[PDB]
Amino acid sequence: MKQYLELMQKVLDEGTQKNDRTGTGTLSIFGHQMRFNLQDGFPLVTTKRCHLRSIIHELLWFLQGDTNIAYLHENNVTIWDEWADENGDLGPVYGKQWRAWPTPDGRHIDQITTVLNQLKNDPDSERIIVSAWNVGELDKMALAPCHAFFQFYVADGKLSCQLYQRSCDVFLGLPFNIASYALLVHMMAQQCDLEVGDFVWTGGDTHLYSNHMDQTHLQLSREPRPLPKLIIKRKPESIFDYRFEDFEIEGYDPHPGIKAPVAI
């Protein structure tokens, strides 16, 4: 997408070389922001083929409050294998924090349900937020949350959402993260009888790994295609009831996929 490709160019033009924990090396910039008008089309990258089945299943997984890969395995999704333990556990990552953030008084807060209630009864609120950044549990997590904090906003009957991503693997992760959130926005909007607005992406440490340079320039040499369209074939009684098959993406015609290694 224009924005995504423009981001890649920026990191290449302004990036600074950094030694990273994975000892792979990154080219990075700090602070960036882009907006996707969800009414223009579903923001799924076309300059390379993306795996929709993996994106959807991960999101349903998060929504279920799950943090074990069994579910992802049942559906042949292996994007999380490298970080799971012998038992398939990732620790209290996304799913747990979203559905059951533990307070100090022994309670657990379901942030998704809370946000849903706000959108329906207090869409004007200035604090419709979900955070995965649980400082007190960070140490039990296989990996600290990358997409860490998100906020919803309503105006003119449209639902917008802004995500703050503390660390971003531009080539590999970003396309996934973007599609995932836009998907969540459509689902929330459908549950609240709202129209979809903008998805705003804000990044902290935004980088390209050293071993993704050729893939990046290959991609950059391509012209984006018309954005695909998302069709939801049903209206479940709750945001927790969606199924993989309720979704249909139409008119997705991307360029060929580009394989790249992930840094552990």
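We number the residues from 1 along the sequence you see.
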Higher average CA B factor in the deposited record is what I'm after, so tell me if that's 54 to 62 or 23 to 31. 23 to 31
Looking at the entry, does 114 to 122 or 161 to 169 show the higher mean C-alpha B-factor? 114 to 122
Deposited CA B-factor, highest of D193, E137, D85, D156: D156
Ranked by Cα temperature factor within the chain, is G41 in the lowest third, the middle third or the highest third? middle
Among the chain's modelled residues, which third holds the C-alpha B-factor of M213? highest
Should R127 be placed in the lowest, middle or highest third of its chain by the C-alpha B factor in the entry? middle
Binned into thirds over the chain's modelled residues, the C-alpha B-factor of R107 lands in the highest
In terms of the chain's CA B-factor thirds, is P224 lowest, middle or highest? highest
